[PDB]
Amino acid sequence: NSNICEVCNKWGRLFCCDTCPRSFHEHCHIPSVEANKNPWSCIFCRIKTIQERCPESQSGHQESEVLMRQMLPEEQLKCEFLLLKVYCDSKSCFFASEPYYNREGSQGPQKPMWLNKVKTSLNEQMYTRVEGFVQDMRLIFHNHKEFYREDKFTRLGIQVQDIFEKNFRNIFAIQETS
Ligand SMILES: [Zn+2]
Ligand SMILES: [Zn+2]
Ligand SMILES: [Zn+2]
């Protein structure tokens with residue numbers, strides 16, 4: 001197994017996957033690494049299993065259909081993995097914890113949002129459809145773009161949104177387009 005966390009790339013108290021060489025800090029894995037369970041399979045392994053059991057699940061989908069899916073176990077897992085893929089980028093630090101807004105010439109967003117809030121919401125089963133999760137994720141980056149206006153720091157929102165969107169299209173097998 002790897003000697004660093006797959007998400008944050010640091011050593012520490014790591015839990016190792018039994019079916020792949022990845023390792024995780026307890027709260028870096030999503031869901032948080034389960035208490036017992038031997039063997040344990042990580043979220044990467046569990047997602048690969050879904051695909052292997054239903055190969056047709058990788059045929060292209062329309063985003064509109066995906067967003068209306070109810071959050072049954074497999075869609076819950078997919079959103080958890082998509083959230084984890086965002087935290088895997090170091091630039092996610094900017095969006096993890098609760099923001100505050102005091103900048104000359106800007107007003108804060110009406111509805112603040114951050115990754116740890118989405119994480120809690122998933123853990124508490126607060127989203128009934130994929131659309132709920134996706135709307136909160138996209139709102140993180142939209143709030144950031146609107147607040148920072150012409151400051152070059154706006155680009156951090158664009159960058160982390162691109163990670164989100166690429167992974168959304170991969171995980172939910174969105175039909176490729178030009
Ligand atoms: Zn970690
Ligand atoms: Zn694994
Ligand atoms: Zn099948």
Side-chain angles (χ1 to χ4, degrees), residues 1-36 38-99 113-125 129-130 133 136-137 140-141 144 156-157 159-176:
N1 288 65
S2 178
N3 303 336
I4 58 172
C5 180
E6 184 80 0
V7 183
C8 74
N9 298 106
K10 297 293 196 284
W11 182 72
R13 182 59 194 108
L14 300 174
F15 301 85
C16 286
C17 181
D18 288 311
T19 52
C20 78
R22 301 172 171 96
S23 314
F24 307 81
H25 295 100
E26 174 169 22
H27 300 313
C28 281
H29 198 270
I30 306 181
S32 289
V33 171
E34 296 75 7
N36 207 290
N38 318 58
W40 179 75
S41 265
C42 80
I43 190 158
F44 295 79
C45 283
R46 298 166 67 187
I47 291 286
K48 186 211 304 305
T49 297
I50 301 324
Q51 284 168 25
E52 287 177 347
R53 289 176 157 159
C54 286
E56 70 271 30
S57 77
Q58 306 160 277
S59 297
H61 301 79
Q62 299 296 110
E63 180 177 308
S64 62
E65 175 268 320
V66 167
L67 299 184
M68 296 307 306
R69 299 180 190 168
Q70 295 178 22
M71 293 280 258
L72 295 181
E74 288 190 354
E75 303 315 306
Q76 177 78 29
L77 194 73
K78 288 178 165 208
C79 289
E80 292 162 348
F81 185 51
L82 173 50
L83 181 54
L84 176 140
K85 287 288 193 155
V86 173
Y87 281 100
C88 291
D89 198 282
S90 68
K91 296 164 178 277
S92 71
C93 69
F94 296 112
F95 301 105
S97 72
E98 183 174 5
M113 196 49 61
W114 60 100
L115 299 169
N116 296 345
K117 185 175 173 57
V118 179
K119 183 181 289 200
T120 293
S121 297
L122 274 173
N123 177 243
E124 292 178 8
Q125 304 159 301
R129 289 170 198 273
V130 173
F133 166 78
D136 279 353
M137 296 290 290
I140 297 168
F141 313 114
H144 176 97
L156 272 294
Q159 293 173 324
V160 181
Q161 181 149 23
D162 193 44
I163 298 299
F164 174 72
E165 296 295 340
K166 288 183 189 272
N167 280 280
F168 176 65
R169 291 189 304 271
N170 180 262
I171 290 165
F172 287 94
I174 294 296
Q175 176 56 54
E176 288 276 291

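Excluded from the calculations below are hydrogen atoms, water molecules and symmetry mates; all remaining heavy atoms, backbone and side chain alike, are included. Whatever order the structure lists them in is the order used to number ligands and atoms, beginning at 1. One is the number of the first residue; the rest follow in order along the sequence.
The Zn ion (ligand 1) has no N, O or S atom of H27 under 2.8 Å away, backbone or side chain.
Nearest N, O or S atom of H25 to the Zn ion (ligand 1): atom ND1.
The number of heavy-atom neighbours closer than 6.0 Å to CD of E74, taken from other residues, nucleotides and ligands shown, is 12 or below. Annotation: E56, atom CD; neighbour count of heavy atoms from other residues, nucleotides and ligands within 6.0 Å is above 12. Other residues, nucleotides and ligands contribute at most 12 non-hydrogen atoms within 6.0 Å of the CD atom of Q125.
Protein N/O/S atoms closer to the Zn ion (ligand 2) than 2.8 Å number 4 in this structure.
Taking the six-membered ring for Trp and thresholds of 30 and 60 degrees, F168 and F172 have ring planes inclined between 30 and 60 degrees apart.
Within the 3.5 Å criterion, the main-chain N or O of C17 finds a donor-acceptor partner in the side chain of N1. A distance-only check finds a donor-acceptor pair linking the side chain of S23 to the backbone of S2 [under 3.5 Å].
Annotation: cation-pi pair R13/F15 present, NZ/CZ under 6.0 Å from the ring centroid and within 45° of its normal.
Rounded to 10 degrees, the SG-metal-SG angle spanning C5 and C8 at the Zn ion (ligand 1) equals 110°.
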